[PDB]
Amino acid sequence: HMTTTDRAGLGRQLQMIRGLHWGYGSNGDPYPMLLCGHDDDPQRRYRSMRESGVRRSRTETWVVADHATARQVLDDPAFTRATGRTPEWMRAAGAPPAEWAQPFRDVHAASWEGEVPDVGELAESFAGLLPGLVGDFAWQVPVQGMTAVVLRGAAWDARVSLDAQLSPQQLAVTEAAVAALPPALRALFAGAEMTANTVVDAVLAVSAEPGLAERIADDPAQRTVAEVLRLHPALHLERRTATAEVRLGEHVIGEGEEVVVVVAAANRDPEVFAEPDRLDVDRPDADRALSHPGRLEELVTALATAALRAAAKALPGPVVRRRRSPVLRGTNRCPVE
């Protein structure tokens, strides 16, 4: 529910930011071209972002992809997931983030401080699902799992929320999320989509590797889920904002100045990980950066771990991916058996 007048105003705002993101991006700056997510392969932009280390974009934002500085800021407490400051280009464009982004940035900020059942007792319910995956199995896993600790369609409409906070979605897509967006439950909806693509990417990675395929059936592993969230994290980008001025490699980061941690880039540094862009289940390199308070990451890793173990029996069409997801990189169609 919302008037066709404010709808019109919102649509105009979402379209202006994306328009400026693409313009800035096509002109040179790689962070807004990534933010548009017009490509399915972001790995060359991540190399360029890591190569630079730290660079602030055309928008005010500081882009941290060097694993050394990425860990440095994620560990620093000044950098938080709160409402920062409005950059001049945005208010001048007539699209304050406080308007086009607002529900979605409160979702990113939400913390799920609840008991996380990692029992694997979940994998018991999850067994009878694949008969003798995006919506028929992967999205089925968080719903039935959180039910045995949040409606299917409701969570599916809100699934774009953690992209919408940095990247403007379509008007109907933005509209459907706000209407289906509920604190903890809000944060649980977010984790549901985090878990959902983890299941897809894992089954996709297992499908290619010769070992992982028949090996997962031998011991139903947490190691595959760990490695998958390195090459394909829950959140590729991590929006943070400084409360007090911070010094990161000779750079002064002001109060309310936004910093975005490029986790997917960081998690493939040639100096930190051996064969980074290669799927290695048995790798000593466990210095991977992720996610800030709460245990939502711990919740998804459990839902995905239980899921991978249940589908260990079945493990031995064209894959379409969501095109406006620079943060979480979701799949929409994953065929078949």
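Residue indices: 1-based, along the sequence shown.
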query: Between neighbours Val150 and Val149, residues that the deposited sequence lists but the model omits; finding: 4 to 9
query: Sequence continuity check, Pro316 and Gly317 (deposited residues unmodelled); finding: 4 to 9
query: 90 to 98 set against 239 to 247, stretch whose average Cα temperature factor tops the other in the entry; finding: 239 to 247
query: Greater mean Cα temperature factor according to the PDB record, 114 to 122 or 100 to 108; finding: 114 to 122
query: Selection by C-alpha B-factor (highest) of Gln170, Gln144, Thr195, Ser161; finding: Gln144
query: Selection from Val259, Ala180, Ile216, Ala266 [criterion: highest C-alpha temperature factor in the record]; finding: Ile216
query: For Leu204, the third of its chain into which the C-alpha B factor falls; finding: highest
query: Third assignment of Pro42 from its chain's C-alpha B-factors; finding: lowest
query: Where the record places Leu308 (Cα B-factor, split into thirds across the chain); finding: highest
query: Lowest, middle or highest third - CA B-factor, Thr224; finding: middle
query: Modelled-residue ranking by C-alpha temperature factor, third containing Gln72; finding: middle
